[PDB]
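Per chain, numbering begins at 1; letters A, B, ... match sequence-line order. Below, all heavy atoms of this structure are taken into account, side chains as well, without hydrogens, waters or symmetry copies.
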Protein chains: 2
Amino acid sequence: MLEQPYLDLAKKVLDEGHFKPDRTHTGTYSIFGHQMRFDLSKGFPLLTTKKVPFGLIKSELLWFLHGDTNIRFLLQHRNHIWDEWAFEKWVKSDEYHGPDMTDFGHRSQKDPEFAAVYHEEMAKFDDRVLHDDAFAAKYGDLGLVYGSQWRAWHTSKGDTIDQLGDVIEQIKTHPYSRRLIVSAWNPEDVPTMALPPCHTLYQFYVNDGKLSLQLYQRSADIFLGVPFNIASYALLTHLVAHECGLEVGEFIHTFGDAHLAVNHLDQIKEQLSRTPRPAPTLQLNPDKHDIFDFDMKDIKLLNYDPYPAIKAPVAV
Amino acid sequence: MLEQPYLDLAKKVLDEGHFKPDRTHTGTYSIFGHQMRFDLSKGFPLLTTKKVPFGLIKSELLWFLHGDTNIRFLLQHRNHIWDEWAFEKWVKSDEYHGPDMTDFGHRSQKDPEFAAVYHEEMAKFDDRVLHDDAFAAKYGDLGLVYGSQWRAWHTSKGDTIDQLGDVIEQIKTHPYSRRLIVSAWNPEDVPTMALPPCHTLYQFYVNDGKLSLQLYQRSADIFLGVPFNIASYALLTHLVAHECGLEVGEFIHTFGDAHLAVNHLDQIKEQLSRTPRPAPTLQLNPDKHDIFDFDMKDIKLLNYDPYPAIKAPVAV
Ligand SMILES: O=c1ccn([C@H]2C[C@H](O)[C@@H](COP(=O)(O)O)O2)c(=O)[nH]1
Ligand SMILES: O=c1ccn([C@H]2C[C@H](O)[C@@H](COP(=O)(O)O)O2)c(=O)[nH]1
């Protein structure tokens, strides 16, 4: 079925990946270099063998797409994927006056009595970002994230490039171009960012009226990360194809280091017992064409019928 | 044999690639997204089914490695891969006083009586670059090429990053790093360079004392280009492994658009009749460790026994 490539990457890491330490007290099993294809005319690759929240995956992408770097848009669609990086900033800053909150990510997962204060402060931090304008502008704004790297790359003569807007324009006028490339890796920010981007670079490709997209992903968490990554970029393929009025082609997903966390073996094995169902269909608004001004209600998912979600611990 | 992946990419493009126009009056057959592996402990992947000039492939890489961007180093090892980009500059410039030389690449291949003056001027241009210092500095210097993109990426606050020197340092001290990435794509130069780099980005990887390298190549000429590309980067894998004292692992070659030019079908079919021979062995100087100061005589090839070379026309 559509998703087999992903079930094949999980199996491949299980009986083939080697043990490799990382930023965590536990390790990972990992491989290096891996490529998968999804024919997007076959259906949309949201996993069926595990419930994946599309609304999250899509409100994040819109954010990227508007070139926004402020958490606030996200909070307003109840999407919190990005709160820990914002709130970190808050905490290491003058203006903050609360229980230190040092190394809160690790310590969220030991103490059930800290994990309860972290969850209080965070709710207030989210609250202030949502209502206090001055506040958002100071700690709601992440600075370097995909949205500005895509739509406002800072030059050396202090202006701004919209890589993606220009690229889309190129697709419209030089479809056979071999240089349709949006990159998110700036070698001058990289050594001082707490997260240099995982989604390093991608490249668009046109042939016979079809748009395809290859993603170069330096590092992928097979269980938690890669199910979301797949849908993000398959959605982007669709949106760009829609804006250029091209038919949709293939999403190619290339990896550097694909890993599975050692405390996720059981969950992943559980996943491999399930038998894929038919893929959902994606469905974009026909009246609206500028994808830059797309909203939530413009992108529908149809016939998504997943297995239950698989809760799992996180890696810290 | 070691090279099968390449013979498998050529076949794959033959009975599977679709017709696609490009910068040339002829087309290309092409595919999008492709990955190959070469286990470098099995031997060095210089093609055996077609004579490939190692000396060229290596004097180019040393140049990159010294962070040089001046043609002159190259001329001094009789390597001309880069002369047309230098000389172009010359020609569209005040100081030049000769037969116009407009669109010389196309017109080199029609007129056997132009192709003879182009070959005269070029010999003089090469001569001046070799002997006139002021001259080299003005037209010998290509500006943006791999050597400065690797070793002197210009920042926004007007300094210089040595991506590769830093990366190597990282390999030495954080071998399990998932961010060992040297990128050659600067979104701010890209729209005004006559050749935005083909070799877009690469990433190093370490496990069990072995170094591997994945290359993201946006565009590859399967017949002319890709045999050289393979050895460049397999050499680089070796040199970096040597400097970090790690064993050598795999070279993974990832492609965006892999193409074959329509006037190279016959040559490629001829190539597929040949039967690979055993791979040559690479052999680097043990006394010298700083790869930045490696010379020609420090890198030997052993037991390279190729088939004859396959001359072919070029695409213009
Ligand atoms: O969409 C995402 C976002 C993050 N990660 C993971 C990969 C790693 O587990 C971690 C990044 O750590 P480094 O790879 O930078 O060291 O985030 C994913 O797999 N997918
Ligand atoms: O080492 C090299 C250098 C160049 N090319 C080719 C690929 C294309 O034929 C051409 C670049 O043109 P664009 O892809 O930028 O349009 O150079 C290679 O395959 N390998």
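Heavy atoms of B:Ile181 lying under 4.5 Å from chain A belong to its backbone as well as its side chain. Residue A:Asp166: no heavy atom, backbone or side chain, is found under 4.5 Å from chain B. Looking at A:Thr28, only its side chain comes within 4.5 Å of chain B, counting heavy atoms on both sides. For chain B, no part of A:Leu215 is nearby; none of its heavy atoms comes within less than 4.5 Å. Only the side chain of A:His259 comes within contact range of chain B, with heavy atoms under 4.5 Å apart. Contacts of A:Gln35 with chain B are made by both backbone and side-chain atoms, with heavy-atom separations under 4.5 Å.
Listed options A:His34, A:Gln170, A:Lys157 were ranked by heavy-atom pairs under 4.5 angstrom with chain B; first place goes to A:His34. Of all the listed residues (B:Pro196, B:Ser212, B:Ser183, B:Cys198), the one sharing the greatest number of non-hydrogen pairs under 4.5 Å with chain A is B:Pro196. The greatest number of non-hydrogen atom pairs below 4.5 Å with chain B, out of A:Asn207, A:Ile161, A:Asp22, A:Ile252, is found for A:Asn207.
In this structure, the side chains of B:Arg179 and A:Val190 stay at 4.5 Å or more apart for every pair of heavy atoms. Under the 4.5 Å side-chain criterion, counting only non-hydrogen atoms from C-beta, A:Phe19 is not in contact with B:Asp208.
Using the six-membered ring where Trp is involved, A:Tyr205 and B:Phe32 have ring planes that are parallel, under 30° apart on the 30 and 60° scheme.
Under a 3.5 Å cut-off, the side chain of A:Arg218 and the backbone N or O of B:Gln203 do not form any donor-acceptor pair. A:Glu188 places a side-chain N or O within donor-acceptor distance of the main-chain N or O of B:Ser156, the cut-off being under 3.5 Å. Distance alone, capped at 3.5 Å, is enough to place a donor-acceptor pair between the A:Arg37 side chain and the B:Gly33 backbone.
Considering every non-hydrogen atom in both B:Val206 and A:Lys20, the closest pair reads O-NZ, 2.8 Å. The shortest non-hydrogen separation linking A:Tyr176 to B:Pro21 is CB-O, 3.5 Å. Of all heavy-atom pairs spanning A:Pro187 and B:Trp153, the tightest one is CD-CZ2, 3.3 Å. Nearest heavy atoms, A:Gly256 versus B:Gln214: CA-NE2, 3.7 Å.
Among residues 222-230 of chain A, no residue has any heavy atom closer than 4.5 Å to a heavy atom of chain B.
Taken to the nearest 0.5 Å, the OG1 atom of A:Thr200 stands 11.5 Å off from the OH atom of B:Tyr216.
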